Structure formats: C-alpha cells, structure tokens
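The chain below stands alone and is given in structure tokens; this is the form deposited in one PDB entry.
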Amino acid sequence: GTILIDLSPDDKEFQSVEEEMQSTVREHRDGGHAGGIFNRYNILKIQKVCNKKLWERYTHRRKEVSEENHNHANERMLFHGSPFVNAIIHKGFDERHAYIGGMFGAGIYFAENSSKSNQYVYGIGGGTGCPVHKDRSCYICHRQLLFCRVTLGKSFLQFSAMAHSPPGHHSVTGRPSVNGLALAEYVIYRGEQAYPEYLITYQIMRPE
C-alpha cells in the first residue's frame, strides 16, 4: 500500500527537510569510522512516504499516548538510518527493526543529528560499508535515510556518555553528558509510535 511521491527541489517542504538534514551534521568520536568523513551531503532526492494503513496505525497510537499524557503526544521529527529502510517504508516499524544491543535496551532508535543516523545505513558500526566498494566512507554510492514523525509521550531521561518502556513512560531520551556538541537520541519500544514520513537519497561529500 506504499507509494513514494517525489518532492521538487523548489518545494518549500523539500527545502525545510534538506535544511534539517544538512544543519544537524556533526563530528563523531570515531573520527568517521562508522559513517565516513564529511561535513555535508549531496541530496539527490526527497520522497514523501504515503501509506494510509500505516498512517492510521501511527495516529491511533498517538491518540492513546496523548490521552495518557495530558493531551500531549510530544511528537518530534527525527532521523533513522537502517539496513531495513526498504522494509520499513512498506511494512512499518516493528520489533525486527530494533537495535537489540542498544545502550537503552532493545528498541527502535532515532537521532536529532542526521550524521548519527548515517552511521547505521550500512548496519551497526557501519557494518562493512557500501555493498559495491566495502567502504564505510564511500563518496560514490547512494545512501538512504528516513526523516520520521515520532511520538515520545512521557520520556524517561538518561544522562549518558523489544524491551518495555520504563514504567510510567512511553520512550527513553539519551541526553549527551560529555560531548557538548552532540544532540539527543531517542528510543521507542512500540513500532506504532513512528511513521517514516520522508525517504532521503544522498551521498556524503568529501571535505575539500
């Protein structure tokens, strides 16, 4: 039931998504090992992901959360990188898409920094890099990320350097406590709490 609609680069919606992508790049403590070395991207395409059943699944859960949290879904737009991007856009997020070994337990992880999600496009730790060249810092091969609508509800705050949500909470927030430039990361434990709104196709760019 999924169709993908291309956005024009002249469309204000394309432009605002590209700006969130570019402006949330940061340097990583691995020196580029997992995601590659880059300061910016070449955006090749942005598509809207349209699936009525998957949208209604999201809004149903969003209302449940809202009603448990004084009419506040605490909805964010966050990045997700995964080897399962093609399954997610067709079938929706579920337990198969969780990071079993994540530091906040087995759940589905999202980032404010697009470059954090870029570290997972080719698997945990960048896996073995692109399929064609086996290069985690490949500047040629086309990558994909999702920019997702995510319901956090009442979020458990962890101050740091599928399972269940902590009792009385709908998500976990990983607050950075050492790297002053890192943005927050988030975990949900129910696939119904995220919708893959935009599929972004891009390359990382070699710094000059």
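Under this definition, the rigid core comprises the largest set of C-alpha atoms superposing within 1.5 Å between the forms. All residue numbers are counted from 1 along the displayed sequence.
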property: At least a third of other PDB entries omit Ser160; result: yes
property: Gap size between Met162 and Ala161, counted in deposited residues that the entry leaves unmodelled; result: 1 to 3
property: 47-55 versus 175-183 - which carries the larger mean C-alpha B factor in the record; result: 175-183
property: 136-144 or 22-30, whichever carries the higher mean Cα B-factor; result: 136-144
property: Highest recorded Cα temperature factor - choice among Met103, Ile88, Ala73, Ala111; result: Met103
property: Among modelled residues of the same chain, the CA temperature factor third for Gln203; result: middle
property: Third of chain Cα B-factors occupied by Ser66; result: middle
property: For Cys130, the third of its chain into which the C-alpha B factor falls; result: highest
property: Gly81, C-alpha B-factor rank within chain (lowest, middle or highest third); result: lowest
property: Entry-reported Cα temperature factor of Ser155, expressed as the chain third it lands in; result: lowest
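Note that the form deposited in another entry isn't included here; everything after this is about it.
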query: Listed options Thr59, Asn42, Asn179, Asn39; Cα moving by 2 angstroms or more between the shown form and the other one (core superposition); finding: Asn179
query: Pair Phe156/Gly180, Cα separation in the other entry versus the displayed form, closer or farther by 3 angstroms or more; finding: closer
query: Shift in CA distance, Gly174 and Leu181, in the other entry relative to the form shown here, given it is 3 Å or more; finding: closer
